[PDB]
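One chain is shown next in structure tokens, namely the form deposited in one PDB entry.
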């Protein structure tokens, strides 16, 4: 978490929103994925959301399931994912790194051991996509014991009791997915929630400026990035230039 607190403090001083891209680790392959991630950071990403390839995903779907398939086709293990994470952190000491996980990969070798490994490689937060707040206690406890921020989704069908739980249990940032964003943000501010990142359908600069204007702390963009990766599988170099151009555009919109 500390990295998130420091990031949001600096952005607030700059009157700035965060722009946070998502990619799957090892898509389309390890070295290229490391290249992608360094390109995202150099283009202006304020934080990263990184997916660990899973045998059977769900809160994602299409553009991302292919990314998962590509990473499996390259033979990427969770252990190789943790090695990439350590290297990313060794290159980039301050950027917040969040993981998007599914519960079985956290549970598989022991929950406390998973978050211990996150802390060892320098991850800052973990969102377990199929652990609702109702089931989250052992995950949250292990996360906090290893200085990892537990991330929760605030969905469109949220209600007031969910808002209070997400505000009370989340750290680092709140994943915002009906009330107008403004009112949802108001209630999240009233309940002292972690700074909200809007994460639904963020694909153009005007959506980034809109989220910050609504009172969110920034925006998370997932499918859009992985689509650029999808489009240029045969052109590694065009892939990176397109990724640079998109992220630079999205980050500019947050200022």
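Positions refer to the first chain, counted from 1. Each form is matched to the other, and the largest set of C-alpha atoms that superpose within 1.5 Å is called the rigid core. Residues that one form lacks are left out of the comparison.
Although it is not shown, the form deposited in another entry is what the next lines describe.
Entry of 214, 59, 69, 41 that shows, once the rigid core is matched between the shown form and the other one, a C-alpha shift of 2 Å or more
The only residue crossing the 2 Å threshold is 59.
Might you say whether the CA atoms of residue 58 and residue 217 end up closer or farther apart in the other entry than in this form? Their distance differs by 3 Å or more.
Those two alpha carbons end up farther apart in the other entry.
Say whether the C-alpha atoms of residue 201 and residue 56 sit closer together or farther apart in the other entry than in the form shown here, given that their separation changes by 3 Å or more.
They are closer; the C-alpha distance drops by 3 Å or more in the other entry.
Moved runs of 3+ residues, each with a C-alpha displacement of 2 angstroms or more between the shown form and the other one on the rigid core
Run with every C-alpha shifted by at least 2 Å: 55-62, nothing else.
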